[PDB]
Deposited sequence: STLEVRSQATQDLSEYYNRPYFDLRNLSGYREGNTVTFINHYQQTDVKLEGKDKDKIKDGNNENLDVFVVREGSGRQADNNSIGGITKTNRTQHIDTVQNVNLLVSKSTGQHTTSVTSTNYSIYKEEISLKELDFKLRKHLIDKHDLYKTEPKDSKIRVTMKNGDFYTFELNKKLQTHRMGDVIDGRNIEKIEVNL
């Protein structure tokens, strides 16, 4: 067992906090949120620096993972449409190699509740699901990966042997445009 794996387990097997439909105040590369008398400071470390305006920004959601709550990225536009049913249903396929020629495949529905969702959030919640249901980080992850494919055929890959890169945590996608999620373990 590597320390690197133990660290990934520790980082990912933890609570997150959701802030919904709040204003964020940006100065420099930090955005601050106040909620129930607690301050959450969020660092802008990628393309989110171009999206979030200096000063007050209204009607934001934030997916928070403590690195006060201090966190990186995870900011999105709040839902503009209030949905009863899910925003998008996405088929999640997890293929676990069980031998030279054998694979165990689990094919389920993964529910998206946000019109705009950060890579941070998708990454964190999918790894939490794999930790809970697929023994992720009980063994060395090697070349295991999550691929999120979009309806236009574009895709994003999360390599499971390292944390999501900080520069990607502020990256956002349209939840309605997610086509499939495939995981190789």
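According to the record, C-alpha coordinates are lacking for deposited residues 1-5, 73-78.
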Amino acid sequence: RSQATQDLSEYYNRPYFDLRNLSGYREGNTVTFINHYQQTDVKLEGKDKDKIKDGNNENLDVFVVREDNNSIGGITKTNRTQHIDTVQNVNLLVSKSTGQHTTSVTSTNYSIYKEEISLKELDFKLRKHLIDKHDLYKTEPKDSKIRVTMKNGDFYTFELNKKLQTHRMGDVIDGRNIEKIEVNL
From here on, numbers count along this sequence of modelled residues.
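Figure legend: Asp68 is marked as unmodelled in at least a third of the other comparable entries of the protein. For the pair 82-90 and 109-117, the mean B factor over Cα atoms is greater in 82-90. The stretch with the higher mean CA B factor, choosing between 119-127 and 45-53, is 45-53. Split the chain's modelled residues into thirds by C-alpha temperature factor. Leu164 is in the lowest one. In the deposited entry, the Cα temperature factor of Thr5 sits in the middle third of values across the chain's modelled residues. Sorting the modelled residues of the chain by their CA temperature factor places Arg147 in the middle third. Sort the chain's modelled residues by C-alpha temperature factor and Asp135 lands in the lowest third, per the entry.
In this PDB entry, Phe17 carries a Cα temperature factor that places it within the highest third of its chain's modelled residues.
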